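Remarks on the structure that follows.
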Amino acid sequence: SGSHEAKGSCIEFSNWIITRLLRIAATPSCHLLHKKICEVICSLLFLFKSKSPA
Amino acid sequence: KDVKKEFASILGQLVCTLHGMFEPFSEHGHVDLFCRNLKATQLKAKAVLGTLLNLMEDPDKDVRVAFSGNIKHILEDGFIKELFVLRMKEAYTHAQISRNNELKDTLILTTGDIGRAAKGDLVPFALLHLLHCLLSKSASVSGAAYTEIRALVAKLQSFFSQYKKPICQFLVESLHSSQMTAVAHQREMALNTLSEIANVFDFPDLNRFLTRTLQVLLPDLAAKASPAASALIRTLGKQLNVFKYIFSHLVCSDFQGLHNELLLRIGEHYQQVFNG
Amino acid sequence: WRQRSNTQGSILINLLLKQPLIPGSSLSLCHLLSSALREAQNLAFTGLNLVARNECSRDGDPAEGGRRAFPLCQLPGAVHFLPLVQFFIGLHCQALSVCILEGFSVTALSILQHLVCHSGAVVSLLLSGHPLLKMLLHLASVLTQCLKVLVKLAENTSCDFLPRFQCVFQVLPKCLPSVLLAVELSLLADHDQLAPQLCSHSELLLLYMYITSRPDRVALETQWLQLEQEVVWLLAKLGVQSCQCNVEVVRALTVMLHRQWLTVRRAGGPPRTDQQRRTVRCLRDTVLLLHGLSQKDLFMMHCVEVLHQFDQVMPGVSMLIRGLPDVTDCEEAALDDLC
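Protein chains in written order, with PDB author numbering: chain A, 87 to 140; chain B, 697 to 698, 703 to 722, 730 to 748, 757 to 760, 803 to 833, 839 to 916, 921 to 948, 964 to 1023, 1033 to 1043, 1071 to 1093; chain C, 301 to 334, 373 to 434, 467 to 499, 536 to 545, 558 to 594, 601 to 608, 610 to 628, 632 to 670, 680 to 734, 736 to 777.
Written out as structure tokens, the structure reads:
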């Protein structure tokens, strides 16, 4: 994560996780599941913010 | 024998004079009590402050902090002055006994309120509170004391000039702490700290702010010092670098022509000091 | 869109038209138009009003790619308005009774900002040089307002083309209350892309000193928050880019910080007041700012000399932040790190 090369690898990993996340997000109908997914996503977003707001 | 808080609201006074002997505000949008803001209605007849302190003690908490803001509004002689002075010493001791940062913060807030509105006796108590804040580990409480110092400026250095001998007395309490402390290196660090205290005043770093004016305080301080802090100050002075009419005046508390030129102690105490 | 989109632009034309138009200026803009070329420009302005009537300009300039987010309306005939704007540039030319146009000219610039909202293409025409806009770049509070209209134009401008617009302004020094509003630049950071090198300096810190100064008489809490937002934009700009001047900006922030949280503690209330709510947002930003300072470094040692004053404000702020709705966990984590 601290390494720039590591950060680039992490961003690619995040995109693969996102593709899995998008299939989870429609969730057939999962109104409760989407809210649970959002709370986990916000913590990941805070971590992305932590390396830089950008 | 028996909303009770509302009863205190029922007779909160307000306006120039109390009317202590013998429900909706005029502004629109409040459903309660119709529209009756007015409440239907200087006897000679410190005791209350101890009860108020007890209320802060009994879980006042944030409300106690609210009480401290109220206390600054509350602040806006003789036995009554003495009782307040005794309470202020008791509060500082209580804060040390509590060993609680929040309690220290409430005391620091009181100190800031005192700085904005301090009687000369109260200001001496406030300086004692400032020494307690230096004793206090809060640091933020020291910042609250700094806010009181800004009120004194309402310029810390200007406030120190206004403090005069009382500002010198706070330094003397600091000097007494130094005497208890003594390393010579620690005294040199203390001398740097004295420049830092001057920086908080904004009157430079000791030097011209201290120097001869500091020396006049030092004469009186040295007799109290018995070496100790004065010896430490000499070691600090040796680290810092390489006619004491006031010392003669402190002893009193063209031969000595400068002492003769301003023998304020001889000129006012007379008595034994004139004999000395 | 079509006519319905057109009406909103026409209403902006109407506001200049409305007595005393907008801002209480006597000129109706059409009234301001009331030499021979200037009279022709007034005829052009009526035609532009006719263009507004058609609603043809609305549902125009449809592609939203590159410039101004969702696409601006075509605003065809914006250029005829621009010719009137060029006539406005001609008025008060000797200065660039006396400067009577300036007030009309500022109104024209405000109309121009509405026009900039009206046409993405019209913004492109000004970038090409327009030429009068370049003359304006070559040449008080109204001028600051004109820069703000330019800032709206920058948001309209497509990325890279906007960097070219930043290149167009003659000098950074030339760019250097109403001036404070102009500082609340920030748009260029918002138009992130090229000009990051322009953001890098030589010794900014002077602006931070001005923020420490709180010079503007109104000293509005919202105005202070806007300065804080500009500092936050600078912090965002620094992240896009990748000191002692940074500490000086921090020193201005600290003077705000000691008031922050401690002022809230004195209130002892949820921040119903908009300034109080703004302060709560600022406190969350300050926790975010502390995280940014941690990312910077070294940075901590510069922070340490003024740190003890900051810490006394900070301990109260940390308690205040956990309570505040505005305060956020990522900013809070930096605060926990300070704890």
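Using N, Cα and C, we set each Cβ at its ideal position, and we do this for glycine too.
Kindly indicate which three-state DSSP category residue i falls into: helix, strand or coil?
| i | result |
| --- | --- |
| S115 of chain A | coil |
| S576 of chain C | strand |
| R405 of chain C | strand |
| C469 of chain C | coil |
| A880 of chain B | coil |
| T872 of chain B | helix |
| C431 of chain C | coil |
| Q713 of chain B | coil |
| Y1087 of chain B | coil |
| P932 of chain B | helix |
| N988 of chain B | coil |
| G1018 of chain B | helix |
| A416 of chain C | helix |
| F426 of chain C | helix |
| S860 of chain B | helix |
| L995 of chain B | helix |
| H830 of chain B | helix |
| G840 of chain B | helix |
| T716 of chain C | helix |
| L730 of chain C | helix |
| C124 of chain A | helix |
| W652 of chain C | helix |
| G736 of chain B | coil |
| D397 of chain C | coil |
| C411 of chain C | coil |
| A948 of chain B | coil |
| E98 of chain A | helix |
| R582 of chain C | helix |
| residue 362 of chain C | Position 334 is followed directly by 373 in chain C, which means residue 362 of chain C is not present among the coordinates. |
| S611 of chain C | helix |
| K665 of chain C | helix |
| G88 of chain A | coil |
Candidates the options: which alpha carbon is nearest residue i's?
| i | options | result |
| --- | --- | --- |
| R703 of chain C | B:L848, B:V820, B:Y1087, B:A1003 | B:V820 |
| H1086 of chain B | B:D1071, B:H1039, B:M813, B:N863 | B:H1039 |
| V589 of chain C | C:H616, C:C624, C:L571 | C:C624 |
| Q657 of chain C | C:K318, C:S325, C:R302, C:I639 | C:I639 |
| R1015 of chain B | B:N1077, B:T717, B:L999, B:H737 | B:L999 |
| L809 of chain B | B:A823, B:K746, B:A971 | B:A823 |
| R709 of chain C | C:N306, C:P409, C:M757, C:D764 | C:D764 |
| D722 of chain C | C:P537, C:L495, C:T691, C:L422 | C:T691 |
| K592 of chain C | C:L571, C:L619, C:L561 | C:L561 |
| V493 of chain C | C:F425, C:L413, C:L545 | C:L413 |
| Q928 of chain B | B:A907, B:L941, B:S976, B:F982 | B:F982 |
| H488 of chain C | C:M637, C:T307, C:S559 | C:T307 |
| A708 of chain B | B:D739, B:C716, B:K746 | B:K746 |
| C716 of chain B | B:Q757, B:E706, B:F741 | B:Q757 |
| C741 of chain C | C:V668, C:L776, C:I759 | C:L776 |
| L848 of chain B | B:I978, B:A804, B:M813, B:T748 | B:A804 |
| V684 of chain C | C:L699, C:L633, C:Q712 | C:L633 |
| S138 of chain A | C:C680, C:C330, C:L542, C:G667 | C:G667 |
| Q923 of chain B | B:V964, B:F846, B:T872, B:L987 | B:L987 |
| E628 of chain C | C:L745, C:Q681, C:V468, C:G385 | C:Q681 |
| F1033 of chain B | B:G1018, B:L1013, B:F1072, B:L1017 | B:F1072 |
| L995 of chain B | B:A979, B:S1007, B:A1009 | B:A979 |
| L410 of chain C | C:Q424, C:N380, C:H484 | C:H484 |
| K899 of chain B | B:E910, B:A888, B:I870, B:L711 | B:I870 |
| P886 of chain B | B:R993, B:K931, B:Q1089 | B:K931 |
Taking only heavy atoms of the ligand ZN into account, decide whether any of them is closer than 8 Å to the Cβ of residue i.
| i | result |
| --- | --- |
| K851 of chain B | Ligands displayed in this structure: none; no statement on the ligand ZN is therefore possible. |
- Task: Can you give me, in chain order, the residues of the segment 89-104 of chain A that have a beta carbon less than 9 Å from any beta carbon in chain C?
- Result: none
- Message: So if I threshold CB-CB distances at 7 Å, which residues from the segment 748-761 of chain C count as touching chain B?
- Response: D749, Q750, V751, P753, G754
- Message: Beta carbons nearer than 8 Å to chain A: which residues of the segment 653-665 of chain C have them?
- Response: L663, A664
- Note down, in chain order, all residues in the segment 694-709 of chain C with a beta-carbon under 9 Å from any beta-carbon belonging to chain B. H695, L699, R702, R703, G705
- Item | Short-range partners of chain C found in the segment 820-831 of chain B, where Cβ spacing is below 8 Å | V822, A823, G826
- Item | Proximal residues, the segment 104-124 of chain A versus chain C, C-beta separation under 8 Å | none
- Return the residues of the segment 892-906 of chain B that lie within a Cβ-Cβ distance of less than 9 Å from chain C, sorted by chain order. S900, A901, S902, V903, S904, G905, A906
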